[PDB]
């Protein structure tokens, strides 16, 4: 593993801790969510993100964070506010923004001096 891959694997593991049953860890099928593939044009999940890390397909934390945002937006757009899935997306969203805040990222860039 590389240093960038170590860092992104760590952020990913912290996000997955918020979803202990893995509802965000695999692609959502139309069989479990009617009409999903017509409503959500750009699917994303934590399994897909892990694969991208392993392929060194992320060049920056910004690129990783974009996928995290996408996964949350899809869940908040497809699902109604009363559902488990909408509430869990919001929980993951707040955690990710605290962990990868522009301030934390700046401090870490300084730790490399």
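Residue numbers count along the first chain shown, from 1. So that the term is clear: the rigid core is the largest set of C-alpha atoms that superpose within 1.5 Å between two forms.
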* Asked: Comparing C-alpha positions in 9 other deposited structures of this protein against this form, with the rigid core used for the fit, which stretch differs more, 45-53 or 25-33?
  -> 25-33
* Structure fact -> The stretch whose C-alpha atoms carry the larger average B-factor in the entry, 84-92 or 31-39, is 31-39
* Decide which of the stretches 59-67 and 42-50 has the higher mean C-alpha B-factor, going by the entry. => 59-67
* **Third of the chain's Cα B-factor distribution that residue 16 belongs to, per the entry** => lowest
